Amino acid sequence: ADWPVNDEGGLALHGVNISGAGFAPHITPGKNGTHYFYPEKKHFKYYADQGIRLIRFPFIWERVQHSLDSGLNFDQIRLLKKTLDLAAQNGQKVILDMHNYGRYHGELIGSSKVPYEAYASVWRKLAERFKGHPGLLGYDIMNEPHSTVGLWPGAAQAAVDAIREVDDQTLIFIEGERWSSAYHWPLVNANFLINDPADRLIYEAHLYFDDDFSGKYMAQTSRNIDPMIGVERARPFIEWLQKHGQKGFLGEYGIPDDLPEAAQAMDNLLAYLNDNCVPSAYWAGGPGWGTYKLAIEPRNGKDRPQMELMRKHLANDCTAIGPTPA
Ligand SMILES: OC[C@H]1O[C@@H](O[C@H]2[C@H](O)[C@@H](O)[C@H](O)O[C@@H]2CO)[C@H](O)[C@@H](O)[C@@H]1O
């Protein structure tokens with residue numbers, strides 16, 4: 001709905017994931033500044049300066065709620081509020097992403113140890129904290145569910161119901177099973193459907209270019225990247241979206257800076273996304289990435305090759321989030 005817009009027209013479709021509040025997730029709670037990191041004004045200013053108004057921001061449940069019998073961590077909420085504040089001051093809107101893989105402290109959401117009600121409450125409580133914030137675009141209620149033994153769809157509806165008890169205005173982003181793979185979407189999530197009477201739900205998949213779909217880009221699995229593998233891995237998902245009359249988001253995709261074939265695949269993917277008015281978020285920019293080959297964070301004030309590749313694709317004349325249903 002209130003999707004960010006570009007200055008010369010169109011929508012802010014193509015954004016960035018920003019580190020690093022979900023870093024080192026096995027270390028909980030860990031310490032801010034050591035194990036995980038939050039961005040500063042420089043990051044939001046840089047990406048705004050590049051014409052980027054969309055940000056996906058991972059965090060983990062374990063740092064907002066250390067235990068199910070505990071309330072929310074005040075400082076972590078304050079850190080997320082700061083993130084939303086700095087985004088909004090720079091004309092950006094943020095997707096808060098609970099980067100939790102269908103699990104809480106390693107146990108499955110929907111298991112006896114982590115009931116659906118515990119997930120619903122945390123999202124209800126989080127939505128109470130951030131309801132109405134100008135820099136908030138919506139809630140990516142779970143990153144990359146996998147091996148959830150049938151538990152993910154019920155958990156997603158429990159969180160949505162709870163969120164809509166307190167906030168009927170924020171967008172909600174729904175990922176699917178099999179790590180929310182875009183290529184596998186029509187087979188894994190063939191009959192996947194969450195109920196949102198607000199009509200403010202978007203489905204979200206991830207897509208990488210290596211042979212095992214993982215985005216790790218190991219040497220043996222990254223030797224033959226077709227220039228169209230990005231379009232081929234997006235199309236199943238887009239086609240499922242069009243058939244079900246639903247809106248999409250490619251929440252992660254990224255390439256190493258040393259694979260020319262990956263560059264071509266990214267250019268053709270973003271072009272295809274634009275043709276369908278489908279937004280995306282590059283993985284990843286922000287603090288703490290060092291020389292990570294996929295990182296789009298500049299170094300020495302030198303733009304990264306992936307930022308330079310993104311720029312040709314920012315302009316559009318879309319007025320609604322797609323794809324366009326049949
Ligand atoms: O990274 C996103 C991407 O993961 C892809 O599959 C991987 C998974 O990421 C990896 O950790 C696991 O061990 O094996 C699989 C093999 O694909 C995944 O298919 C996509 O859903 C996901 O978007």
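Numbers for residues simply follow the sequence, beginning at 1.
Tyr36 pairs in a side-chain hydrogen bond (donor to acceptor under 3.5 Å, both in side chains) with only one of the listed residues (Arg63, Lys31, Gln76), which is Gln76. Of the candidates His105, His99, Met98, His66, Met98 is the only one forming a side-chain contact (heavy atoms from CB on, under 4.5 Å) with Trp61. Just one of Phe57, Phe23, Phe59 meets the ring pair (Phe, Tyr, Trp, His ring centres under 6.0 Å) condition when paired with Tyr38; it is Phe57.
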TODO: Kindly indicate, with the supporting measurements, whether the criterion salt bridge (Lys or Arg N to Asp or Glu O under 4.0 Å) is fulfilled by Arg56 and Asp140.
DONE: CA-CA 9 Å; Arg56 177 170 182 261; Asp140 189 341; 2.9 Å; yes

TODO: Show the numbers, then the answer: is there a side chain to side chain donor-acceptor pair (under 3.5 Å) between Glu204 and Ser180?
DONE: CA-CA 7 Å; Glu204 162 181 1; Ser180 206; over 6 Å; no

Task: Full working for side chain to side chain donor-acceptor pair (under 3.5 Å) between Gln157 and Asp161 - done: CA-CA 6 Å; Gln157 192 72 63; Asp161 293 343; 3.0 Å; yes

Open item on the list: side chain to side chain donor-acceptor pair (under 3.5 Å), that's the test. Do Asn100 and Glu62 meet it? Break it down for me.
Closed with: CA-CA 9 Å; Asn100 268 76; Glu62 290 89 350; 2.8 Å; yes

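With hydrogens and angles ignored, the 3.5 Å screen pairs no side-chain donor or acceptor of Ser181 with any backbone N or O of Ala205. With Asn268 contributing its side chain and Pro227 its backbone, the two residues share a donor-acceptor pair below 3.5 Å. Judged purely by atom type and a 3.5 angstrom limit, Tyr282 uses its side chain to pair as donor or acceptor with the backbone of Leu294. Within the 3.5 Å criterion, the main-chain N or O of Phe192 finds no donor-acceptor partner in the side chain of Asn189. Here the side chain of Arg124 pairs no donor or acceptor atom with the backbone of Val166 at under 3.5 angstrom. Side-chain atoms of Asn316 come within 3.5 Å of backbone atoms of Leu11 as a donor-acceptor pair (strictly under, hydrogens ignored). A donor-acceptor pair is defined here as one N or O able to donate and one able to accept, closer than 3.5 Å; such a pair exists between the side chain of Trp3 and the backbone of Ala12. Within the 3.5 Å criterion, the main-chain N or O of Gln92 finds no donor-acceptor partner in the side chain of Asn90. When atom types are taken as modelled, the side chain of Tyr203 and the backbone of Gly176 share no donor-acceptor pair closer than 3.5 angstrom. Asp212 contributes a side-chain N or O that, together with a main-chain N or O of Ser214, makes up a donor-acceptor pair within less than 3.5 Å.
Looking at heavy atoms from C-beta onward, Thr83 lies in side-chain contact with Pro39 at the 4.5 angstrom threshold. Between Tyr208 and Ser222, every side-chain heavy-atom pair lies at or beyond the 4.5 Å cut-off. Inter-residue side-chain proximity for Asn143 and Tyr101 is flagged as met; some heavy-atom pair is nearer than 4.5 Å. Side chains of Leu241 and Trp185 form no contact here, defined as non-hydrogen atoms less than 4.5 Å apart.
More than 12 heavy-atom neighbours from other residues, nucleotides or ligands sit within 6.0 angstrom of CD on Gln220.
The aromatic rings of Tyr139 and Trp123 sit tilted, their planes meeting at an angle between 30° and 60°.
When ring centroids are compared, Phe213 and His184 come within the 6.0 Å threshold.
Remark: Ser147 pairs with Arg103 by the side chain to side chain contact (heavy atoms under 4.5 Å, CB included) rule, at least two apart or across chains.
A salt bridge does not link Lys82 to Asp85: none of the charged nitrogens lies less than 4.0 Å from a carboxylate oxygen. In this structure, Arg200 does not pair ionically with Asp167, as no charged nitrogen and carboxylate oxygen lie closer than 4.0 Å.
Under the 4.5 Å side-chain heavy-atom criterion for grouping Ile, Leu, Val, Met, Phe, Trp and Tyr, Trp289 is connected to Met266 within one hydrophobic cluster.
Here the straight-line distance linking atom CG of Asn17 with atom CD of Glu252 works out to 5.0 Å at 0.5 Å rounding.
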